[PDB]
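# A look at the structure
Chain residues, written in single-letter form:
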Amino acid sequence: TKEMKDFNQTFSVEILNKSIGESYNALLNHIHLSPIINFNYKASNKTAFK
Amino acid sequence: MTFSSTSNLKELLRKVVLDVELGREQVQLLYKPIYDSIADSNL
């Protein structure tokens, strides 16, 4: 709301843009690494402790 | 002819409007002698 921008002095659009950038970078790690972690690896691709 | 014969034909006569004040009156600020003013955009 316009009151949030005006009356809450600490609040500003810089904080929101910072969270867009942070969650965007965290998305990049997810979409590119989630296929690796989340895969249901078969026995051929698994190696035990040894 | 006389003017009264053509007084009905209003489109021929030029339009002059009686310039009278209309609408509600201008509003003055009466509180200022009583109230001390402090202005600050970051209140």
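Here is what the cut-offs are and how they apply
Residues numbered from 1 in each chain as written, not as in the entry; some residues may be left out. Chains lettered and ligands numbered in written order. Part of a larger assembly, values for the part shown. Heavy atoms only, no water. Helix = DSSP H or I, 4+ residues; strand = E, 2+ residues; numbered from the N terminus. Rg over C-alpha atoms; globule rule 2.2 N^0.38 Å. Buried < 20%, exposed > 50% of the residue type's maximum accessible area, 1.4 Å probe, protein only. Areas by Shrake-Rupley, 256 points an atom, 1.4 Å probe, with all protein chains shown as cover. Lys, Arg positive; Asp, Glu negative; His and termini not counted. Charge placed at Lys NZ, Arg CZ, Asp CG, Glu CD. Expected span 1.5 Å × (residues − 1). Bend = angle between axes of the 7 residues up to and from the residue. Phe/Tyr/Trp six-rings, centres within 6.5 Å; stacked < 30°, edge-to-face > 60°. Patch = residues over 30% accessible without salt bridge, like charges linked within 9 Å, V, L, I, M, F, W, Y side chains within 5 Å. Salt bridge = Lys/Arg side-chain N within 4 Å of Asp/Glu carboxyl O.

A tally of regular secondary structure across chain A gives two helices and zero strands. Its C-alpha atoms give chain A a radius of gyration of 21 Å, clearly above 10 Å, the size a compact globule of 50 residues would have. In terms of overall dimensions, chain A has C-alpha extents of about 60 × 20 × 15 Å along its principal axes. Within chain A, the fraction of its 50 residues that count as buried is 2%. Working note: accessible area of chain A is about 5100 Å², and carbon and sulfur atoms make up 60% of it. Distance between charge centroids for chain A: 24 Å, based on 6 positive and 4 negative side chains.

Quick look at the overall build of chain B now. On a plain count of helices and strands, chain B comes out with zero helices and zero strands. Projected onto the principal axes, the alpha-carbon positions of chain B cover approximately 75 × 25 × 10 Å. Within chain B, buried positions represent 0% of all 43 residues. As displayed, chain B has an accessible area near 5400 Å², and 57% of this comes from carbon and sulfur atoms. Computed over 5 positive and 6 negative side-chain charges, the separation of the two mean positions in chain B equals 13 Å.

Across its 25 residues, helix 2 (residues 13–37) of chain A extends 35 Å between first and last C-alpha, which sits within 8% of the 36 Å expected from 1.5 Å per residue. Taken as a whole, helix 2 of chain A carries its principal kink of about 35 degrees at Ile31 of chain A; the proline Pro35 of chain A stands between one and four residues after it.

Moving on, we come to the packing of aromatic side chains. Within a pair of aromatic rings, the relevant descriptors are the distance that separates the centres and the angle that separates the planes. This structure, assessed with the given rule, holds two aromatic pairs over all chains. Summarising the aromatic geometry, the rings of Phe39 of chain A and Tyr41 of chain A are spaced 5.4 Å apart at their centres and angled 65 degrees between planes, so their arrangement reads as edge-to-face. Residue classification places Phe39 of chain A among the partly exposed residues on the basis of a relative accessible area of 47%. Take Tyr41 of chain A: its relative accessible area is 38%, and that puts it in the partly exposed class. On the numbers, 6.2 Å between centres and 70 degrees between planes, the contact of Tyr31 of chain B with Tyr35 of chain B is edge-to-face. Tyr31 of chain B sits in the partly exposed class, given a relative accessible area of 43%. With relative accessibility at 59%, the residue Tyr35 of chain B sits in the exposed group.

Right, let's get into a nonpolar patch on the surface. On the surface, a cluster of nonpolar side chains totalling about 510 Å² of accessible area is made up of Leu33, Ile36, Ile37, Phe39 and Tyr41 of chain A. Within the secondary structure, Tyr41 of chain A is located in the segment after helix 2.

This next bit is on unusual backbone geometry. Here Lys50 of chain A, not a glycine, exhibits a phi torsion of approximately 55 degrees, which is positive. You can see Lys50 of chain A is positioned in the segment after helix 2.

Purely geometric numbers; function is a separate question.
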